[PDB]
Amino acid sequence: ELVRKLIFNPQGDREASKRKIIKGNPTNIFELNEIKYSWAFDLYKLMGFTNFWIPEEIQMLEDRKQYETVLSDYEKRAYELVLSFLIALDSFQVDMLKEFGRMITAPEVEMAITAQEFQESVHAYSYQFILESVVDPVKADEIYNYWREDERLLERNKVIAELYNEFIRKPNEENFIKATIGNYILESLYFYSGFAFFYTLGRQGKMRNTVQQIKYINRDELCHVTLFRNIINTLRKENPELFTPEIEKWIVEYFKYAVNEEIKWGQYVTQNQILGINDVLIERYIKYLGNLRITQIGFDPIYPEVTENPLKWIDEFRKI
């Protein structure tokens, strides 16, 4: 049963060295003259100042034409599914990051979480500006609401909320670690069929305006995964009693389930009808990313057969 810290605790520890990610005894004064977790303060600076971006400064002059006249029925179906789902993911994140931040007892980590919450809001703004820019108003409302029309998308949204809702209903230590892992998996995997698709359209000079918006979102998402990688690894060191064998088993199962679900979404979205990407590239890509992200929080590769990034070329294409 994780207690939400009071606004001010005059019995709080003065010594930054006594900070904990959770269940610390902070004053809740942001005593940032001393930093226990330098990675959190660095990530705040990076997300908040270094990587600041304004969606509306990205010119959108071309995509409405290419959407109107150059995209296939299949390219438009994928555009709609991917953007609908990304809108849902960042909506869930702006809201759930408030739950993580209010339970965190280390100010520099709370600070990094606030910056991430703001970046998720910038993404929501970017999607509204992409759609205002590219499609007609009824079609924009349709893309926002596409879960009402597509059972696969509706179920994706409901599964993501489940893991977050359990912590909210039942805010205990177990439900916190599971929500924390779920957040890491969402930002590790759930963007990446969508990012791979956009960069595919973009490599053939299709929807490059939309693709520019995506490059800024992807940079943000790499910082978000780095923040949660550090939080999880620090939670293991500081609260080992919470990484029971039941929890360690669950993490590997959920990661494998999430890899498989992201692959199927990618396949559903593209259906081998998208030139330059196919169902097998999608499979090895999501398995590559799963191995990378689960190893980085202290587990063995989950797809030993996959060792290479099948889409190595994205690392370079996505750069700004």
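All residue numbers refer to positions in the sequence shown, first residue = 1.
- Relative to its counterpart among 40-48 and 269-277, 269-277 has the higher mean temperature factor, C-alpha atoms as listed in the PDB entry.
- According to the PDB record, 160-168 carries the higher mean C-alpha B-factor of the two stretches 160-168 and 179-187.
- Of the candidates 84, 233, 121, 72, the PDB record gives 72 the highest C-alpha temperature factor.
- Listed residues 148, 208, 77, 98 were ranked by CA B-factor as deposited; 208 comes out on top.
- Compared with the other modelled residues of the chain, the Cα B-factor recorded for residue 202 ranks in the highest third.
- Ranked within its chain, residue 141 lands in the middle third, by CA B factor from the PDB record.
- Annotation for residue 22: C-alpha temperature factor in the lowest third relative to the rest of the modelled chain, per the entry.
- Among the modelled residues of its chain, residue 62 has a C-alpha B-factor that falls in the highest third, as given in the PDB entry.
- Split the chain's modelled residues into thirds by C-alpha temperature factor. Residue 212 is in the middle one.
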